[PDB]
Amino acid sequence: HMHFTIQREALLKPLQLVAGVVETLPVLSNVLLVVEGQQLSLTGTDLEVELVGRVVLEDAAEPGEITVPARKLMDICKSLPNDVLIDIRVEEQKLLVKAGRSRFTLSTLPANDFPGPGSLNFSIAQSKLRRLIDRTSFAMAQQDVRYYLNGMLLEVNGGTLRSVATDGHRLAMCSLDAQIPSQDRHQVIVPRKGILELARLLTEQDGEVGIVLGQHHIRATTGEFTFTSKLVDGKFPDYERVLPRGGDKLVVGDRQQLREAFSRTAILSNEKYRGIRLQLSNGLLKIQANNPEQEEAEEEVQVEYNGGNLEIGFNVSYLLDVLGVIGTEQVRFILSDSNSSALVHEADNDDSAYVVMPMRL
Amino acid sequence: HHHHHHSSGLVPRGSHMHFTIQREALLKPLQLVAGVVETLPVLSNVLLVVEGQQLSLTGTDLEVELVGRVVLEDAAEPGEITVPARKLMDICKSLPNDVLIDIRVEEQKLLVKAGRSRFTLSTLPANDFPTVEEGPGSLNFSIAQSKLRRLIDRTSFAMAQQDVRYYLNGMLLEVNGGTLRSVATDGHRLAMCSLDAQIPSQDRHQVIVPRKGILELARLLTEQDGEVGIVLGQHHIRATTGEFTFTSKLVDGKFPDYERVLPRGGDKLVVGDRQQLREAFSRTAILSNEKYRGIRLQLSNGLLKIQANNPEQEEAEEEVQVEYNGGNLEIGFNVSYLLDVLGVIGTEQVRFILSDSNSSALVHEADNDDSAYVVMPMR
Ligand code: NA
């Protein structure tokens, strides 16, 4: 019975978003299409995350529910001419798609085969929530035995919203005032796949997003989309104890010059370890790398530093990841000795903080 | 009265090669030369030669040899050396824009210096680098780079890849009269392009350039108003532009007598919109069989109906208006073969010349017969 008409572009926007989360059970590879009143809902799931896109239908629509191959329907919609009206109907377990001189018949699976209260509720600018994820996501573990590290901590304390990610070798954290009435500290761990998907969804430059923090789920709503993710059932480590406090050396350098020098020198680093050596002295940072072929790279970078000497080793990729998220022209490194972590911040604020464990030289 | 030497020695003299060059001036030949570089350590290296004010860079995979040239503006010490190609390229590319690069051999190392950056790379003597011993040239001619690039780009998609019939894994370049023609086929579909080049030859000459080499050659022919010198040997092809010298081994075989497979008896002409047809074929292909990619064409007066079906009984259909007055004709094709041909058609209209359901389609651009595409039907 299900039948509706929709412009290519109106259908394409939520379809593309929904198909993006779709990846043994045949129904899992399908998009759930629901027509109720003058509203079309599009749902996609991989069992960990669920994405619901909603469209308001302008013309007359007969209600119903059906599942159809998500990738095929998205590809069909994408391939159709711009601004064409698409007519969609269900006829004998098949989805019939008509647009201009084109006709498509898709196989379907029943909607019946298709798969709690919020502890805290708040609204945030999409730009702000995306910033928390994008400034820290590179530091999340991937398939680590410590399962609670294969995702991102989202923490509310006072009126601050904080993101924390770590793989046990390096850490990234970002804090922003959001003015959330919490009274008691709440923590949630979003799985790495779900949090990276959420960041990609927050595109509204001046838009808002309603956040609901549940016991075993997180819900993000923007009016057009409903994103639901399961939570990692564990306690995030006491990261406050991992933050270096010793720091006696303040180095201020050019973000770009440092990133380029670390990257260039790494060309001649050992392919299996990717280690670089830093030799810090008054106003100067010497960057060196060597490989088993006795090839050597050396670069001297002028830095703002007045202190004693320090020789320290690092995995170049950890340094490159941190520098890739620094938004200011200058970067601050806070160091102590050869066996202690580097603490990194942007030039003018402490809202973002990065920790990198050194490598033995 | 006898004197020392019999190839100078068992060990070459040390190199004192030294030059300075702007980052961008070096990067241009270096990226192209390093691009052809893939157990033999010397093969991973670029050969650097300084003679007078000329720097030459050579890369090889033993199939193709690419030489890039750059005129040195500053004083240079002559010499030759080999150094890891990718490492040198990656270093050069990574250096700040417009920087002056100092390159010198110091003992057995290549010292690269730019500003406060220093790199020490391993080397192998130039004496260890492979040499091309190309036999005499059967024919030499010059042609516009744009014309030779056109012949390759209009036909390269049709070459076989890893076919046991090794002579199909490349492109025929044929001189017949004054004409230069390219032909490529995989045994299922064929592409050809012909240009009146006015070459100083009367006899038919044929060479088969391996697929990897011909694709490389096309990417190098960038000078829009530039000329290219061609040498056809019995076992090699050489292309020279002033900035580069490209040499490729030829496929040691005989190209099929392709003339015998070009359809001649086509009585049904279809004139259609290239883009509209390509977009309709692509849309309907979504519901075609993932392996066979078969699409059914139902032709009737002024109309083409396209139909695709897959094993799950899904179906896609599209009607496209065409200029056609042949009879009712049902013909099947691999959609990827049709998409490949329409992708190289430069005119807004395309011509299909057909006969029956079991005979090859002949495809041309709207206004000329310079390019010709043959697609065998399915069933
Ligand atoms: Na057109």
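Here is a short report on the structure shown in this document.

1. Some remarks on the overall build of chain A
In step 1: Looking only at helices and strands, one finds six helices and 24 strands in chain A.
In step 2: Summarising its shape, the C-alpha atoms of chain A cover approximately 80 × 55 × 35 Å along the three principal directions.

2. Section: the sheet that holds strand β22 (residues 349–354) of chain B
Picture the strands of a sheet paired through backbone hydrogen bonds; they go either parallel or antiparallel.
All names here are of chain B.
In step 1: Within the open sheet, the eight strands sit side by side as β13-β10-β11-β12-β24-β23-β22-β17. Their pairing is antiparallel. Lying at the two open borders of the sheet, with one neighbouring strand each, are β13 (205–210) and β17 (268–273). Recorded for the sheet is a direction-independent mean angle of 20° between the axes of neighbouring strands.
In step 2: Pairing of strand β10 (residues 170–176) with β13, which is carried by six bridges, proceeds in the antiparallel orientation. In the strand pairing of β13, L173 is matched with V207.
In step 3: Sitting on the sheet, helix α3 (residues 145–153) is in contact with β10, β11 (179–185) and β12 (189–196), with an inclination near 165° to β12.
In step 4: Along the sheet face, helix α5 (residues 274–285) touches β17 and β22 and points at about 90° away from the line of β17.

3. Side note on the sheet that holds strand β9 (residues 137–144) of chain B
Residues and elements named next belong to chain B.
In step 1: With antiparallel pairing, the eight strands of this open sheet are ordered in space as β5-β2-β3-β4-β16-β15-β14-β9. What marks the edges here is a single partner per strand, and that holds for β5 (79–84) and β9. Strand-to-strand twist in this sheet, taken as the mean axis angle between neighbours without regard to direction, amounts to 15°.
In step 2: Two elements, β9 and strand β14 (residues 227–233), share seven bridges in a ladder whose sense is antiparallel.

4. Let's talk about the interface of chain B and chain A
When the parts come together, some accessible area is lost, and that loss is often what is quoted as the size of the interface.
In step 1: Every contact between the two is made by 29 residues of chain B and, on the other side, 27 residues of chain A.
In step 2: Secondary-structure elements contributing two or more residues to the side of chain B that touches chain A are α2 (85–94), β8 (117–122) and β20 (315–321) of chain B.
In step 3: Looking at side-chain class alone, the side of chain B that touches chain A contains ten nonpolar, seven polar and twelve charged residues.
In step 4: Two strands pair when backbone bridges link them, and strand β20 (residues 296–302) of chain A and β8 of chain B are joined in this way by four bridges, in the antiparallel orientation. Across the sheet, residue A297 of chain A finds its bridge partner in β8 of chain B, namely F119 of chain B.

5. A closer look at the packing of helix α5 (residues 255–266) of chain A against helix α6 (residues 316–325) of chain A
A pair of packed helices can be characterised by two numbers: the angle between their axes and the separation between those axes.
All names here are of chain A.
In step 1: Put simply, α5 and α6 touch, their axes get as near as 10 Å, and they point 155° apart. Here α5 lies roughly antiparallel to α6, going by the angle between them. Note on packing geometry: the crossing formed by α5 with α6 is left-handed. Only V316, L319, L320, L323 and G324 of α6 make contact with α5, whose side of the interface consists of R255, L258, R259, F262, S263 and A266.
In step 2: A per-class count over the contact of α5 with α6 returns seven nonpolar, two polar and two charged.

The rules behind the values
Residues numbered from 1 in each chain as written, not as in the entry; some residues may be left out. Chains lettered and ligands numbered in written order. Heavy atoms only, no water. Residues with missing side-chain atoms left out of burial classes, pairs and counts. Helix = DSSP H or I, 4+ residues; strand = E, 2+ residues; numbered from the N terminus. Pairing = 2+ DSSP bridges. Axes fitted to C-alpha atoms, helices over the stretch in contact; angles between N-to-C directions. Contact = heavy atoms within 4.5 Å. Nonpolar A, V, L, I, M, F, W, Y, C, P; charged D, E, K, R; others polar. Parallel < 35°, antiparallel > 145°, perpendicular 65-115°, else oblique. Left-handed = near helix turned anticlockwise from the far one by under 90°.

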